[PDB]
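J.: The structure's right below; bear with me while I get my questions together.
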Amino acid sequence: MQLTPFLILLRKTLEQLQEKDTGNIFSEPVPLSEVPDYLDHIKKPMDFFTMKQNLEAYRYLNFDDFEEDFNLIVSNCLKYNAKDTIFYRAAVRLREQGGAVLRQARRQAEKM
Ligand SMILES: Cc1cccc2sc3[nH+]ncn3c12
């Protein structure tokens with residue numbers, strides 16, 4: 001498998017996932033200045049900007065590398081926020097809509 005087409009695919013996939021986050025609540029790191037207790041609960045923060053930096057640093061060399069960090073975005077948000085919040089429901093919606101994006105993108109990776 002060639003590296004360049006794979007990273008092109010991950011870039012497109014990351015763009016499609018970001019499009020599902022219409023409120024852009026996962027676009028940048030959770031601002032630790034506004035939620036000082038966040039690192040009490042969350043062992044590894046994640047967000048789409050960090051994912052883009054990891055992608056371009058060649059830290060994602062298989063689809064699981066990539067999907068694990070996406071899953072962290074979702075799971076961290078479900079963990080930190082109460083069920084009756086916009087943030088929690090946004091993570092549920094992203095899990096649902098993003099899972100479909102990822103399934104198709106992984107099938108294309110497997111054609112490489
Ligand atoms: C995005 C965001 C901003 C401020 C506070 C919080 S608390 C949380 N959980 N997921 C995202 N966020 C935020």
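Lettering and numbering for the structure tokens are positional, with chains as A, B, ... in the shown order, residues counted from 1 in each chain, and ligands counted from 1 in the shown order.
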Hey, what's within 10 Å of residue 62 of chain A if we count only C-alpha atoms and toss same-chain stuff fewer than 2 positions away? As a PyMOL selection string, please?
T.: chain A and resi 3+6-7+10+59-60+64-67+106+109
J.: May I ask you to write as a ChimeraX atom specification all residues lying at most 10 Å from ligand 1, with only C-alpha atoms and all ligand atoms counted?
T.: /A:23-38,45-47,73-82,85-88,90-91
J.: Residues at most 12 Å from residue 11 of chain A, counting only C-alpha atoms, excluding those fewer than 6 positions away in the same chain, as a ChimeraX atom specification?
T.: /A:4-5,17-18,48-49,51-56,58,60,63,66,105
J.: Return the single residue from A:111, A:43, A:103, A:95 that is closest to residue 21 of chain A, with distances computed using only C-alpha atoms.
T.: A:95
J.: With only C-alpha atoms as the atoms that count, which of A:19, A:57, A:44, A:50 lies nearest to residue 72 of chain A?
T.: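 Counting only C-alpha atoms, the residue closest to residue 72 of chain A is A:44.
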J.: One decimal, Å: what's the distance from atom CA of residue 2 of chain A over to atom CA of residue 110 of chain A, could you say?
T.: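 These two atoms are separated by 12.0 Å.
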J.: When DSSP works through the backbone of this structure, what residues of chain A end up as helix (DSSP H, G or I), shown as number ranges by chain?
T.: A: 3-20, 38-41, 48-56, 63-80, 86-110
